[PDB]
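Presented as C-alpha cells, the chain that follows is alone, the form solved without the ligand.
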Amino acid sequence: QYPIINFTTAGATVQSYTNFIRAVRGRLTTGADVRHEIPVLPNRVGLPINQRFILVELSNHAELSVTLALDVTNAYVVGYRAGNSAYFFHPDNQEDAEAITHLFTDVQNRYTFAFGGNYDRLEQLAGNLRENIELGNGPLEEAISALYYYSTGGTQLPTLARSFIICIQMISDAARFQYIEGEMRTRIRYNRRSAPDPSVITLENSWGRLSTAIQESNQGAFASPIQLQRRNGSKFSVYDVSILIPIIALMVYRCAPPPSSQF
C-alpha cells in the first residue's frame, strides 16, 4: 500500500528517466516545506508509519524486477525485495528496525544484513570506491540482475554491494540533486557508462551538511562556507543557497524554518 514508482532500464531514454526521478521526488516530499525554493523531506519526528516509505520497482531488459524501499525522511534505500526474499540494511536504531517490519510484509523470507547501506560500508564490501564504479543504464541493468539473483547464490557479496552503490546513486542521489540527475541523463542519452567525477562524489558526500547549512543560514547566507569540487577536482566554495538552487532538489529536514521575518 506504500506508493510504487516504476522504472525500467529496457529502452530507457532521457525522458523516461526524467519522468521516473520527477515521480520519485513527488512521492518523497509533499510541498508543505520549501526553504529558498528548495523542498524539504518530511520530518521523521511524529511521521506516521503509513507515510514513511515509498517503493521503486525496477525492471530490466532481462525481464527481471526488484523493488527497492526508500525512507521518505532521507531518500535512503533501506532494503529490497526480489520474488520471495527481502533484504534490509542494518537499522541504525530500534525505531527504524520496527519501521522496516511494515515493508514487504507478505514476503516469505526476510533478512536483515549486519551491515549498513552507507557508501563507506558498501565500498569496503565492494572492494571499490564510487570513483571506480561505472554508472549509467548498462550498470543499472546489471545491478538489477545482481540484486535479483542474490537469494539463489548467483551474486557474490562484492557484486551485490557494487550494485547497491549503483542503485543508490542513480535513484536516491539523482532524486536529491538535479545535478546528479543531469549527469545520469547524459550517460543515458549517449548510452555511455562512466564512473562519477568529483563534482558528483562531493555533492553526495555533502548532502547532509548542505541541508543543514541552507536551513540554518541567515537569509540564505552560510555562516561557514562549504567546499565542493568541480568536475576537474578543483575547489568550488559555496557561501549561499542561491548557487545551489539549480543543483539540489531536496533536503533532509534539519530544523524548523525560522519565522518569515520579512522587512
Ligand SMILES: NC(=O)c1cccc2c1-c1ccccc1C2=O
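Start at 1 with the first residue shown and count on from there.
From this point on, the text means the form deposited with the ligand bound, which you will not see here.
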### Message
Is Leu125 part of the interface with the ligand in the deposited complex - any heavy atom within 4.5 Å?
### Response
no
### Query
Would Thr159 count as a contact of the ligand in the deposited complex, using a 4.5 angstroms cut-off between non-hydrogen atoms?
yes
### Task
Mark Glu142 yes when one of its heavy atoms lies within 4.5 Å of a heavy atom of the ligand in the deposited complex, and no otherwise.
yes
### Query
Does the 4.5 Å heavy atom contact test between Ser151 and the ligand in the deposited complex come out positive?
no
